[PDB]
Amino acid sequence: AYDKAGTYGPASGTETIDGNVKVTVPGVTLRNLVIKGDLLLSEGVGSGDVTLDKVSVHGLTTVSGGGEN
Amino acid sequence: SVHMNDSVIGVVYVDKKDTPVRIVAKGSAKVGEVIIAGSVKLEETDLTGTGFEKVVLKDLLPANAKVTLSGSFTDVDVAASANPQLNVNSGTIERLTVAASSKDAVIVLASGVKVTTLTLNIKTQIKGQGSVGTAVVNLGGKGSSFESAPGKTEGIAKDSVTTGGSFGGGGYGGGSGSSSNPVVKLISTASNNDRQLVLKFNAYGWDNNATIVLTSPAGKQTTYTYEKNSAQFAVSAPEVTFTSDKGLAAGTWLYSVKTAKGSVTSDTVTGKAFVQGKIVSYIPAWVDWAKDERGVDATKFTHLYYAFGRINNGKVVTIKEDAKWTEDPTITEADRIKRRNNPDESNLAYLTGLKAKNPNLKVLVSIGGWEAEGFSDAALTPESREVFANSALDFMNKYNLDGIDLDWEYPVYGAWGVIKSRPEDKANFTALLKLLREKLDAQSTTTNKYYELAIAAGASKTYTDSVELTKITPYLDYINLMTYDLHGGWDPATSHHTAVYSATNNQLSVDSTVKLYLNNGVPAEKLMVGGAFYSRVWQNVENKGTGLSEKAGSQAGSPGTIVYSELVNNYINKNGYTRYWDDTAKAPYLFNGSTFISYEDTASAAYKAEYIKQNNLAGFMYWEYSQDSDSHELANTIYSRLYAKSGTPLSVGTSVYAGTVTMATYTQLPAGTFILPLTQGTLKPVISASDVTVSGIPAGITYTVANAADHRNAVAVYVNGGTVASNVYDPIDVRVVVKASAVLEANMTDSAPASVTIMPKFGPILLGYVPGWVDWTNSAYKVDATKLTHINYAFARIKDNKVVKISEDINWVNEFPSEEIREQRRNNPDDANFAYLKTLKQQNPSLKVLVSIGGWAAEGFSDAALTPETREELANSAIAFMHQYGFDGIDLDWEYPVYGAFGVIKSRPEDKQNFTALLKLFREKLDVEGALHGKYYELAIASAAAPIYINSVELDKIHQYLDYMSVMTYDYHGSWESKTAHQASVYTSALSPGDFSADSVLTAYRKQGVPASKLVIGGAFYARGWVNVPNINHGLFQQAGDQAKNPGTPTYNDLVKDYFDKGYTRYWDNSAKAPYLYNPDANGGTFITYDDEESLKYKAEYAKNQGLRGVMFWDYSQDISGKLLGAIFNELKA
Ligand code: NA
């Protein structure tokens, strides 16, 4: 489940996935998710943002990109 | 940037290259361990959850990576060889650790940051204004630097770290700023044996002034200033020490101190100091104190603990409400019934009422005791503790007590299952004590009356291990140490239960206990030493040695404990029990070959008191007051020792138990024994000849001295008997000194020479006063001269410095306005009485009849005694009167020298010495008369009981001129006072400590040096009494109302026809050996005090046993039955 978008995820409702995710670009909100398995953030996130609202990561988060602002 | 909003993340790995990722955690977010292998900034913003916790900079971290933290972290670990820098920009880190691998590590702590623990394992540079609470500098951290000093530094390389600028930790630091004010800092307080309070304080801005206010334990405010009182102050640099006067009341003092400099008046500082000398007397709740007849003399102690209040439903109740106690199945149903009705409220009222006799007396409630349940639960929680404490204060307040003591026996171990206990007892006891102290202080802000808080504590190491001594001690005025039951029949071999010192390695003692307590931080000041008024017993002890440290078999029958009074009555040197002393432990014990008894006596009490003074302890506590001897000897010993004047050692004191050996003929002295109990000091169980000196035994009569059989502490002088060289016509005074070497106590001095008597063969005298205002020739009741040895004829009088018949004293003749009485007085039948006395002198040719000159209101002595010339004239005239009317001697009844009976007769200060010169001259003249007339003439006086009398006459200088003193051991109390008491009692009642008796009066004469054989004990054939006397204890020692209808002085004859069996019941004070009458109906209640046949028997017995010359009574006319006289006479013959 390897994202490159916008604000991708559910609304007022929690929603379960699994497997190794790879949010690979700036500005990508992810919301009311619950991720069994890993979260990757890659050098492709660059100098830009990535928000995570009421998320869960049962596996490993790995921040390899993002800037300071 | 990456935002982690109300999210959950686990482990996080950061290998961001080149410039940092910012990672933020918002709201309820939650992050696992962050592992840093690149550039990063953790931030926690608007965080309600926990966010980040553990962070580690790993060896994969690249050179010059930027790593910064903001937030609240747990463990942060710098473990990265690439010259790591950690920036901490805000927040907190519990433990930051710089690993041995992190070469040239730099840690930058921004100004608001707090690292609680920083651990250094490599030389580290710590920068910035951020704070480190403890830097742990291990060897690898040697030479680390801090721009701002850590709060504390630990670890082996502590002393190698550098701090502060180039100035050195904390910097140039200067100034300021405008200091000036006088501040007072308290250093400490101390007491000494003399009961001085010493206050030491550092006074900054010493301007040669300060003001101290002391509050006594009884509430007296008192002020001291450098101005009025620099005599009591001593200044050094900041050091100033205030020193009170000697002899302050024992217990807790409150003080305030402050300095000034003209106007600029310092902060007032306050505290508590403790004055040595407390005596805590435990008093049992299960005695009915209102009915008790053994008495309580609260002058001998400072504190009275009511033992005990109990715990029911987590509150404090009287012991009658404690079912564990009242329903003990081991006693009888009738025993339980007494327990259920235990008179606690009556008791408590009687005991606080003893304040009248000692106004400084504090009374506390002691809560708990052996087998008292409820403490573990009471202390369990903040609300259980609240009910309890409030309850305790209610008890204290309900009975008007002065404080609270707890005796929990014991926290944690519960005395091994006797009571309920738990591990938490230990902190819980601390909290409970804290609370009580809080509440008592709270209440005192309202009442302005200070309240004590104290405990009783176990002597064992188990006990000290179960409580928080250093923690509880600040809440306590003192700890009462239970330095008794140290050993007991539970031990397989005998030892001492309450010894002062440990004589062998496994014997516990007061000293072992006090050393244990001092070794745990408890101050000496706050330690009361315990003593016991009971023994511990072992049965079936092997019959070896002295019984001490010997094996014991079965304790099945054993009483366990025997109270001291019972030991005195039936064991100590009685019934085959030998008294022994352990001179290393300083403790006595008994052994009979099978039973061993360890106990506390007069000697162990003195060693214990001396230990207390020597170690500057708080005082002496004992369990329990009611177990003492009849005389309260243990209580009295304790008081004497702790209140002894520094610089004067105590003298050995004696009394007499057997003071007469009587000649069988003019020259044959039978064998006999004098016995003298010690009143102060304790004989060695076995004395030696050199420990006692006896003088006055006739030449060629041998004697030995030994300890008296069947007495605990008395000398026996065994007179062998034999043939005295010449006839013995008068008594021989025998004097016994008990030397310092006789006693167990260390630094006493010799007793005064005690007087006892060898009586000549006719025995004691029996002297009757015969009133001259009775016409004896015509009186149907006659004088029986076979029952008297002596008569005093009352009276001749003094007119114009000449001795005259009583009809020539116009003051007396006209005393009453009755013209009948005046005529009868003018015609007083003296000549007829003198012919009558002469006929007496035929049917008892050995009778002596003396003329008494003087009596009540009789004038002329002070004038007669004034110069050699007036003495001469009075003496010559008294002698002419003596011969003219056929008298065999002269008695002088001067009532009274110096004080004149408070203005009834003329008096002067000079009467004191002139009385001595008067008697001396009278004895000289009567020697002359005797040597002219072929016979011996007596000279005697009548003398009074009051200390003012004793002080107004030179008793030790006058006895030599006198055949005897007829001491008026009567009129002690009467209508001039409002409270009832015995007017003539032979002993002082147990219920009126310090009161008058024959015993007390005749002892005081002896302590002035008068020989026993020059004393005559006085009986009164009349009564005194009071009206409006409450019907409580049949009127005895009761406050009485208006005395306008007082019965005055009825004679025994009046008693017979008007009082006996007329609504009066006869009672008996057995301790006083005195009768009294009560009639609830007569005049608001009427109480009568008199002598009867029984009391006169005992006066007579007293005379015989004390070696007195005899007995006298006033007067023959007052008992026409002959029974009062017959009682004396039969006992003196017996
Ligand atoms: Na946190």
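Neighbour counts are summed over all protein chains in view; Cβ atoms, including those assigned to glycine, are modelled from backbone coordinates with ideal geometry. The values are calculated or read from the model by the stated rules, or taken from the named source; no laboratory read-out is quoted.
Summary table
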{"quantity": "Scope the stretch B:110-125; condition among the hydrophobic types (A, V, I, L, M, F, W, C) and touching a residue at least 24 places away in the same chain (Cβ under 8 Å); matching residues", "calculated": "B:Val113, B:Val115, B:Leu118, B:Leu120, B:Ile122"}
{"quantity": "Elements of type strands (runs of 3 or more DSSP E) in the stretch B:129-221, at least 2 residues being of a type in the set (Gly, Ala, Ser) and within 30 Å of B:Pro523 (Cα to Cα)", "calculated": "B:184-191"}
{"quantity": "Conditions (1) more than 14 Å from chain A (Cβ to nearest Cβ); (2) more than 16 Å from the ligand (Cβ to nearest atom); (3) in contact (Cβ under 8 Å) with a residue 24 or more places away in the chain; (4) buried (at least 17 other Cβ atoms within 10 Å of the Cβ); number of the one not met by B:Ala100", "calculated": "(4)"}
{"quantity": "Verdict on B:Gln614 being crowded, with 21+ Cβ neighbours inside 10 Å and within 30 Å of the chain's Cα centre (by Cα)", "calculated": "no"}
{"quantity": "Filter result (within 16 Å of the ligand (Cβ to nearest atom) and either surrounded by fewer than 15 Cβ atoms within 10 Å (Cβ to Cβ) or over 21 Å from A:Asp49 (Cα atoms) (or both)) within the stretch B:44-66", "calculated": "B:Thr45, B:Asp46, B:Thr48, B:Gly49, B:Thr50, B:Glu53, B:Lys54, B:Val55, B:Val56"}
{"quantity": "Qualifying residue in the stretch B:721-729 (condition: in contact with a helix residue (DSSP H, G or I) (Cβ under 8 Å, 6 or more places away or on another chain) and not assigned by TED's automatic domain parsing to the domain that holds B:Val1010)", "calculated": "no"}
{"quantity": "B:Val296 being aliphatic (A, V, I, L, M), surrounded by 14 or more Cβ atoms within 10 Å (Cβ to Cβ) and not assigned by TED's automatic domain parsing to the domain that holds B:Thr259", "calculated": "yes"}
{"quantity": "The stretch B:1066-1084, residues that are surrounded by fewer than 21 Cβ atoms within 10 Å (Cβ to Cβ) and in contact (Cβ under 8 Å) with a residue 60 or more places away in the chain", "calculated": "B:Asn1070, B:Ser1071"}
{"quantity": "Test for B:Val78: is it free of Cβ contacts under 8 Å to residues at least 40 places away in the same chain, away from the ligand (no atom under 15 Å from the Cβ) and of a type in the set (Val, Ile, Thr)", "calculated": "yes"}
{"quantity": "Hey, B:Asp159 under 30 Å from B:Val31 (Cα atoms), more than 16 Å from the ligand (Cβ to nearest atom) and acidic (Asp, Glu) or not", "calculated": "no"}
{"quantity": "Leading residue by the ranking (nearest to the other protein chains (Cβ to nearest Cβ)) among those in the stretch B:16-52 that are without any contact (Cβ under 8 Å) to a residue 24 or more places away in the chain and of a type in the set (A, V, I, L, M, F, W, C)", "calculated": "B:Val21"}
{"quantity": "Output for the stretch B:410-428, where each listed residue is within 32 Å of the chain's Cα centre (by Cα), crowded, with 20+ Cβ neighbours inside 10 Å and of a type outside the set (A, V, I, L, M, F, W, C)", "calculated": "B:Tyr410, B:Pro411"}
{"quantity": "Residue within the stretch B:579-594 that is over 30 Å from B:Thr464 (Cα atoms), under 24 Å from the mean Cα position of the chain (by Cα) and outside the structural domain of B:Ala250 (by TED's automatic domain parsing) present", "calculated": "no"}
{"quantity": "Test for B:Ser72: is it surrounded by fewer than 24 Cβ atoms within 10 Å (Cβ to Cβ), free of Cβ contacts under 8 Å to residues at least 24 places away in the same chain and more than 20 Å from B:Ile156 (Cβ to Cβ)", "calculated": "no"}
{"quantity": "Output for the stretch B:997-1006, where each listed residue is without any contact (Cβ under 8 Å) to a residue 60 or more places away in the chain and closer than 22 Å to B:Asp292 by Cβ", "calculated": "B:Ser1000"}
{"quantity": "Answer from A:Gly37, A:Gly44, A:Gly9, A:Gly59 - the residue that is small (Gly, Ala, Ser), surrounded by 13 or more Cβ atoms within 10 Å (Cβ to Cβ), at the interface with chain B (Cβ under 10 Å from one of its Cβ atoms) and not in a strand (DSSP E or B)", "calculated": "A:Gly59"}
{"quantity": "The one condition in (1) under 30 Å from B:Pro62 (Cβ atoms); (2) more than 11 Å from chain B (Cβ to nearest Cβ) that A:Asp49 fails to fulfil", "calculated": "(2)"}
{"quantity": "Within the stretch B:81-91, considering residues that are within 16 Å of the ligand (Cβ to nearest atom) and surrounded by fewer than 23 Cβ atoms within 10 Å (Cβ to Cβ), the one nearest to B:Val108 (Cα to Cα)", "calculated": "B:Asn89"}
{"quantity": "Sole residue being within 15 Å of the ligand (Cβ to nearest atom) and in contact with a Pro (Cβ under 8 Å, 6 or more places away or on another chain), chosen from B:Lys41, B:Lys26", "calculated": "B:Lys41"}
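Condition check ((1) in contact with a strand residue (DSSP E or B) (Cβ under 8 Å, 6 or more places away or on another chain); (2) in a helix (DSSP H, G or I)) across all residues:
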| site | (1), (2) |
| --- | --- |
| B:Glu600 | yes, no |
| B:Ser604 | yes, yes |
| B:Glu610 | no, yes |
| B:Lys613 | no, yes |
| B:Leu617 | yes, no |
| B:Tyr622 | yes, no |
| B:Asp630 | no, no |
| B:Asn636 | no, yes |
| B:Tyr639 | yes, yes |
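To keep it simple, each residue is scored yes or no on (1) assigned to a helix (DSSP H, G or I); (2) among the aliphatic types (A, V, I, L, M).
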| site | (1), (2) |
| --- | --- |
| B:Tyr463 | yes, no |
| B:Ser466 | no, no |
| B:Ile479 | no, yes |
| B:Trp490 | no, no |
| B:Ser495 | no, no |
| B:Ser512 | yes, no |
